[PDB]
K.L.:
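Please read through the structure below; I'll follow up with questions.
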Amino acid sequence: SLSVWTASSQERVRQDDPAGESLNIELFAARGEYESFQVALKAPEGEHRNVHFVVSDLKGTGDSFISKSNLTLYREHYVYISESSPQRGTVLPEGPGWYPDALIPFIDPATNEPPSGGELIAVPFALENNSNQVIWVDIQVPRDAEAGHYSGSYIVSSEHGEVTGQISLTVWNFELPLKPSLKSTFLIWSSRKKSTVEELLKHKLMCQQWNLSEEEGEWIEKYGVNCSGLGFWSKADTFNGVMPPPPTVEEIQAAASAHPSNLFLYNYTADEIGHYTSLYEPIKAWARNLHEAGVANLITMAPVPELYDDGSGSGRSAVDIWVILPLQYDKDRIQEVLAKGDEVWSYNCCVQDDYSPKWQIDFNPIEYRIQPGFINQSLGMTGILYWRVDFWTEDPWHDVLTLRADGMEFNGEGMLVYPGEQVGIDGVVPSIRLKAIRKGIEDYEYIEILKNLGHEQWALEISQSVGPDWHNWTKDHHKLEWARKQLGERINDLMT
Ligand SMILES: [Mg+2]
């Protein structure tokens with residue numbers, strides 16, 4: 001009458017999926033890393049109306065433990081998609097239906113206690129309809145955790161049953177830096193709360209406030225902030241091939257002085273202005289001034305040889321951080337700009353090709369993880385951008401069709417967090433897709449550690465087995481987990 005099973009972090013559990021074969025879980029992680037798993041529940045006969053869920057400490061040798069304080073629990077909320085995202089090529093969405101995505105937190109981060117009052121509450125819950133309920137479990141490994149094996153439990157209980165499963169965790173003898181190696185720019189347009197920034201930083205994502213009106217050292221020390229934008233927006237975009245004269249060298253220096261002097265600074269100058277060759281000399285004029293002031297120029301455009309020199313005589317490109325879609329990738333031009341000292345980042349939106357990972361709810365969950373980590377590393381890319389995180393509809397917990405344009409509908413476009421009000425909290429809550437992006441950032445970190453230990457070629461051979469390019473990446477979470485384990489076991493070996 002009470003069927004319980006586990007699923008890996010990037011395995012989608014549908015409401016109608018059959019019970020799996022294991023109720024235990026075996027995980028592996030470094031210090032300073034998250035690993036996650038899911039507990040799925042089904043009532044194949046009747047109803048349990050009052051279901052609770054708890055976890056224990058993870059016990060290691062003797063007295064040794066990882067506290068349950070390091071585990072974060074949520075109940076998955078399913079949202080109904082009535083209109084598919086675009087269907088093209090071989091990378092297709094899974095069809096209209098119920099999708100798990102919003103995460104109902106057991107604990108309000110502001111109180112460290114359960115919410116009350118919410119329209120939706122994590123626990124207790126009812127198990128109905130033969131229809132699955134799913135608990136998401138995050139484990140954060142403490143930076144001081146001794147390497148070795150730890151075991152704890154989860155307990156599912158109701159008025160008519162109780163089932164207990166094992167959580168096995170092996171902690172490897174290495175640590176992910178607090179400051180992530182992968183840089184990012186995720187934009188926030190409407191939610192000005194400190195809690196919204198904080199929710200992103202906790203998932204290893206760097207964010208910038210967009211569209212601010214005229215009216216951090218802590219976040220660095222706590223969350224390892226690794227870059228910051230200065231916010232001189234030229235206003236030039238895909239529809240506006242026009243640019244004003246640049247801020248002056250000392251104007252750029254003045255904005256920069258509001259940040260710590262050790263923090264990597266960029267400027268998001270212009271957006272998708274690639275077709276406007278009109279703008280090359282103005283771009284070079286902006287670049288020369290940023291360069292004199294020690295600031296990187298970031299534009300969402302593909303490398304063009306005309307901009308590989310800023311006209312200052314130094315040889316330096318006019319764009320320092322080239323931000324491209326998967327479909328724009330050109331091996332020869334990317335190798336040229338990497339070789340001369342630039343960065344290339346990836347970004348994603350809509351459904352613009354037949355083959356690339358796509359960022360909508362109705363695609364395979366793996367697509368949010370595979371881009372920042374394995375594919376970026378295989379192609380030498382060092383960052384990720386996303387245009388918006390808070391693009392909510394009027395009914396954000398029930399309607400995720402966030403963009404309708406040109407006969408197409410997009411489910412989750414520009415939307416990675418949900419407002420807290422519906423669950424009785426102030427401030428936003430994560431989605432399952434945000435957890436995948438976090439995991440990809442940690443995947444990127446594994447490869448970076450191996451490069452730094454002098455094992456770049458082997459690391460990239462492993463990276464090419466699951467994420468070699470934008471066309472031939474794995475759709476199988478089991479194979480991705482395998483690849484990651486190979487990396488972690490090698491690092492562990494090298495550090496012992
Ligand atoms: Mg349609």
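Just so it is clear, the values below take in all heavy atoms, side chains as well, and ignore hydrogens, waters and symmetry mates. When a residue number appears, it is its place in the shown sequence, counting from 1.
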K.L.:
If you measure only the distance, is there a donor-acceptor pair under 3.5 Å linking the side chains of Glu272 and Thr300?
P.N.:
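Per modelled atom types, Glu272 and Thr300 side chains form no pair under 3.5 Å.
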K.L.:
Specify the closest pair of heavy atoms between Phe391 and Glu413, including all atoms of both residues, with the distance to one decimal.
P.N.:
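Heavy atoms of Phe391 and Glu413 come nearest at CD2-O, 3.4 Å.
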K.L.:
Do we see a donor-acceptor contact under 3.5 Å between the side chains of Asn267 and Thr269?
P.N.:
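Distance-only check passes for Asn267 and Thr269.
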K.L.:
Between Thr170 and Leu27, is any pair of side-chain heavy atoms under 4.5 Å apart?
P.N.:
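No. Closest side-chain heavy atoms not under 4.5 Å.
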K.L.:
Can you confirm if the NZ or CZ of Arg14 lies within 45° of the ring axis of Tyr99 and under 6.0 Å from the centre of its six-membered ring?
P.N.:
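Yes, a cation-pi geometry holds between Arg14 and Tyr99.
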K.L.:
Indicate yes or no: does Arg484 engage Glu33 in a salt bridge with an N to O separation below 4.0 Å.
P.N.:
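Yes, charged N to carboxylate O under 4.0 Å.
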K.L.:
Can you tell me how far the NE2 atom of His203 sits from the CG atom of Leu416, to the nearest 0.5 Å?
P.N.:
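Between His203 NE2 and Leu416 CG, I get 10.5 Å after rounding to 0.5 Å.
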K.L.:
Any non-hydrogen side-chain atom of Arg369 less than 4.5 Å from a side-chain atom of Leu480?
P.N.:
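Yes. Closest side-chain heavy atoms under 4.5 Å.
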K.L.:
Would you indicate whether the side-chain heavy atoms of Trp345 and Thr382 approach each other to under 4.5 Å?
P.N.:
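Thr382 reaches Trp345 side chain to side chain.
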K.L.:
Would you call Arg438 and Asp138 a salt bridge, taking side-chain N to carboxylate O under 4.0 Å as the test?
P.N.:
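Judged by the 4.0 Å cut-off on N to carboxylate O distance, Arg438 and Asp138 do form a salt bridge.
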K.L.:
State, without any angle test, whether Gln208 and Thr185 hold a side-chain donor-acceptor pair at a distance under 3.5 Å.
P.N.:
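Not at all, the side chains of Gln208 and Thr185 share no donor-acceptor pair under 3.5 Å.
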K.L.:
Looking at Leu379 and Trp470, what are the two nearest heavy atoms and their distance?
P.N.:
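So the minimum-distance heavy-atom pair works out to CD1-NE1, 3.3 Å.
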K.L.:
So, does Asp362 use its side chain to make a donor-acceptor pair with the main chain of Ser85 at under 3.5 Å?
P.N.:
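Side chain of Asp362 to backbone of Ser85: a pair is present.
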K.L.:
State whether a side-chain donor-acceptor pair under 3.5 Å links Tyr418 with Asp101.
P.N.:
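A donor-acceptor contact under 3.5 Å links the two side chains.
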K.L.:
Would you give the length of the straight line joining atom CG of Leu325 to atom CE of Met301, rounded to the nearest 0.5 angstrom?
P.N.:
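Spacing of CG (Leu325) from CE (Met301) equals 13.0 Å.
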K.L.:
Does a side chain donor of either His291 or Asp320 reach within less than 3.5 Å of an acceptor in the other side chain?
P.N.:
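Distance-only check passes for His291 and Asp320.
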K.L.:
For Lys475 and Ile366, which heavy atoms make the closest approach, and how far apart are they?
P.N.:
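Here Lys475 and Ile366 meet closest at C-CD1, 4.0 Å.
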K.L.:
Let me confirm one number: the OG-NE2 distance from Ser356 to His471, rounded to the nearest 0.5 Å.
P.N.:
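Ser356 atom OG to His471 atom NE2 measures 8.0 Å (nearest 0.5 Å).
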K.L.:
I'd like to know whether the aromatic ring centres of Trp473 and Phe374 sit less than 6.0 Å apart in this structure.
P.N.:
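When the ring centroids of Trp473 and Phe374 are compared, they turn out to be at least 6.0 Å apart.
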K.L.:
Working to the nearest 0.5 angstrom, can you tell me the gap between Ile252 CD1 and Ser257 OG?
P.N.:
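It comes to 12.5 Å.
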K.L.:
How close do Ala236 and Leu279 get, counting heavy atoms only, and between which atoms?
P.N.:
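Heavy-atom minimum between the residues: CB-CD1, 4.2 Å.
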K.L.:
Please lay out, stage by stage, how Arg31 and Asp144 fare under the test salt bridge (charged side-chain N to carboxylate O under 4.0 Å, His left out).
P.N.:
CA-CA 7 Å; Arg31 307 184 307 259; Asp144 69 343; over 6 Å; no
K.L.:
Under 4.0 Å between a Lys/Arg side-chain N and an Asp/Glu carboxylate O for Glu448 and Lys451?
P.N.:
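Yes, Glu448 and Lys451 are salt-bridged.
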K.L.:
For residues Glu11 and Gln38, is any side-chain donor paired with an opposing acceptor at under 3.5 Å?
P.N.:
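Judged by distance alone, the side chains do not pair up.
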K.L.:
By ring-ring contact (aromatic ring centres under 6.0 Å, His included), which residues pair with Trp233, not counting sequence neighbours?
P.N.:
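Scan of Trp233 (ring-ring contact (aromatic ring centres under 6.0 Å, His included), adjacent residues dropped) gives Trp210, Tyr268.
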K.L.:
For the residue pair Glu199 and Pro430, what are the closest heavy atoms and their distance?
P.N.:
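Heavy-atom minimum between the residues: OE2-CD, 3.4 Å.
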K.L.:
In Å, rounded to the nearest 0.5 Å, how long is the span from CG of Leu230 to CD of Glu251?
P.N.:
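Here the rounded value is 12.5 Å.
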K.L.:
Are the charged groups of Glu367 and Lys358 less than 4.0 angstrom apart, N to O?
P.N.:
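Salt bridge between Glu367 and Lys358, a charged N being under 4.0 Å from a carboxylate O: no.
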K.L.:
Can a salt bridge be assigned to the pair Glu35 and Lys439 using a cut-off of 4.0 Å between side-chain N and carboxylate O?
P.N.:
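Here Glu35 pairs with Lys439 in a salt bridge, since their nearest N and O are under 4.0 Å apart.
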K.L.:
When you compare the side chains of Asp395 and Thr393, does any donor N or O come within less than 3.5 Å of an acceptor on the partner?
P.N.:
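The answer is no; no qualifying pair exists.
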K.L.:
Taking the side chain as C-beta and beyond, is there a heavy-atom pair between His398 and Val79 under 4.5 Å?
P.N.:
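No. Closest side-chain heavy atoms not under 4.5 Å.
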K.L.:
Would the distance check show the side chain of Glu445 and the main-chain N or O of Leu176 forming a donor-acceptor pair, the cut-off being under 3.5 Å?
P.N.:
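No; judged by distance alone, with no hydrogens or angles, the pair does not exist.
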K.L.:
What's the verdict on salt bridge (charged side-chain N to carboxylate O under 4.0 Å, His left out) for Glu336 and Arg333, showing C-alpha distance, side-chain angles and the deciding distance?
P.N.:
CA-CA 5 Å; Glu336 290 172 352; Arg333 284 191 280 108; over 6 Å; no
K.L.:
So do the side chains of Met415 and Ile361 get within less than 4.5 Å of each other, counting heavy atoms only?
P.N.:
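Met415 reaches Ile361 side chain to side chain.
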K.L.:
Counting only heavy atoms not in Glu306, do more than 12 fall under 6.0 Å of its CD?
P.N.:
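Correct, the count exceeds 12.
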K.L.:
Just by modelled atom types, is the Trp387 backbone N or O under 3.5 Å from a matching donor or acceptor in the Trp189 side chain?
P.N.:
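Yes, because the side chain of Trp189 sits within donor-acceptor range (under 3.5 Å) of the backbone of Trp387.
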K.L.:
Output yes when a side-chain donor or acceptor of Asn297 lies under 3.5 Å from a complementary backbone atom of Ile321, and no otherwise.
P.N.:
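Judged by distance alone, no pair lies under 3.5 Å.
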K.L.:
My understanding is that only residues two or more places apart in sequence, or in another chain, count here; which of them pass salt bridge (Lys or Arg N to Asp or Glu O under 4.0 Å) with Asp342?
P.N.:
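Salt bridge (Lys or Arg N to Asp or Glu O under 4.0 Å) list for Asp342, sorted by chain: empty.
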K.L.:
Can you see whether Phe264 has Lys183 sitting over its ring - NZ or CZ less than 6.0 Å from the centre and within 45° of the normal?
P.N.:
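Cation-pi check for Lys183 and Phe264: passes.
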K.L.:
Taking the side chain as every heavy atom from C-beta outward, state whether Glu343 and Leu338 have any atom pair closer than 4.5 Å.
P.N.:
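No, every pair of side-chain atoms sits at 4.5 Å or beyond.
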K.L.:
Quick one, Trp359 and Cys350 - any side-chain contact, counting heavy atoms below 4.5 Å?
P.N.:
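SC-SC contact between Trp359 and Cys350 ruled out.
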K.L.:
Return the minimal non-hydrogen interatomic distance between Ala7 and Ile25, and the atom names on each side.
P.N.:
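So the minimum-distance heavy-atom pair works out to O-CD1, 4.4 Å.
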K.L.:
Sequence neighbours excluded and cut-off under 3.5 Å, please list the side-chain donor-acceptor pairs for residues 485-496, or say none.
P.N.:
{"from": "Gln486", "atom 1": "NE2", "to": "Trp482", "atom 2": "O", "distance (Å)": "2.9"}
{"from": "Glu489", "atom 1": "OE1", "to": "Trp172", "atom 2": "NE1", "distance (Å)": "3.0"}
{"from": "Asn492", "atom 1": "OD1", "to": "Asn173", "atom 2": "N", "distance (Å)": "2.9"}
{"from": "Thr496", "atom 1": "OG1", "to": "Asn492", "atom 2": "O", "distance (Å)": "3.0"}
{"from": "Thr496", "atom 1": "OG1", "to": "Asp493", "atom 2": "O", "distance (Å)": "3.3"}

K.L.:
Could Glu83 and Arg404 be called an ion pair, given the rule that one side-chain N must be under 4.0 Å from one carboxylate O?
P.N.:
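Salt bridge flag = yes for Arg404 with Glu83.
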K.L.:
Salt bridge or not between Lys222 and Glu198? Use side-chain N to carboxylate O under 4.0 Å.
P.N.:
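Salt bridge between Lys222 and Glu198, a charged N being under 4.0 Å from a carboxylate O: no.
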K.L.:
Would you say the side chain of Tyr74 lies within less than 4.5 Å of the side chain of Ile104, judging by non-hydrogen atoms?
P.N.:
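They are not in contact (no side-chain heavy atoms under 4.5 Å apart), so the answer is no.
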K.L.:
Should the ring pair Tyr446 and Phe174 be called parallel, tilted or perpendicular, given that the plane angle runs from 0 to 90° and is split at 30 and 60?
P.N.:
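Judged by the thresholds at 30° and 60°, the geometry between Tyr446 and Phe174 is perpendicular.
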K.L.:
Going through the checks in order, is the side-chain hydrogen bond (donor to acceptor under 3.5 Å, both in side chains) test met by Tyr347 and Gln371?
P.N.:
CA-CA 9 Å; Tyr347 80 112; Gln371 166 187 347; over 6 Å; no
K.L.:
For residues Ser36 and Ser9, is any side-chain donor paired with an opposing acceptor at under 3.5 Å?
P.N.:
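No, because no side-chain N or O of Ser36 sits under 3.5 Å from a partner of the opposite role on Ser9.
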K.L.:
Ignoring hydrogens and angles, state whether a donor on the side chain of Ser378 or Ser463 is under 3.5 Å from an acceptor on the partner side chain.
P.N.:
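A pair is found: one side chain offers a donor N or O, the other an acceptor, under 3.5 Å apart.
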K.L.:
Is it true that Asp354 and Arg88 have a side-chain N and a carboxylate O under 4.0 angstrom from each other?
P.N.:
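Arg88 and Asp354: salt-bridged.
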K.L.:
Roughly how far, to the nearest 0.5 Å, is CE of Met408 from CD of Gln87?
P.N.:
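So the gap between those two atoms works out to 12.5 Å.
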K.L.:
So does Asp390 pair up with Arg388, basic N to acidic O under 4.0 Å?
P.N.:
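Salt bridge between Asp390 and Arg388, a charged N being under 4.0 Å from a carboxylate O: yes.
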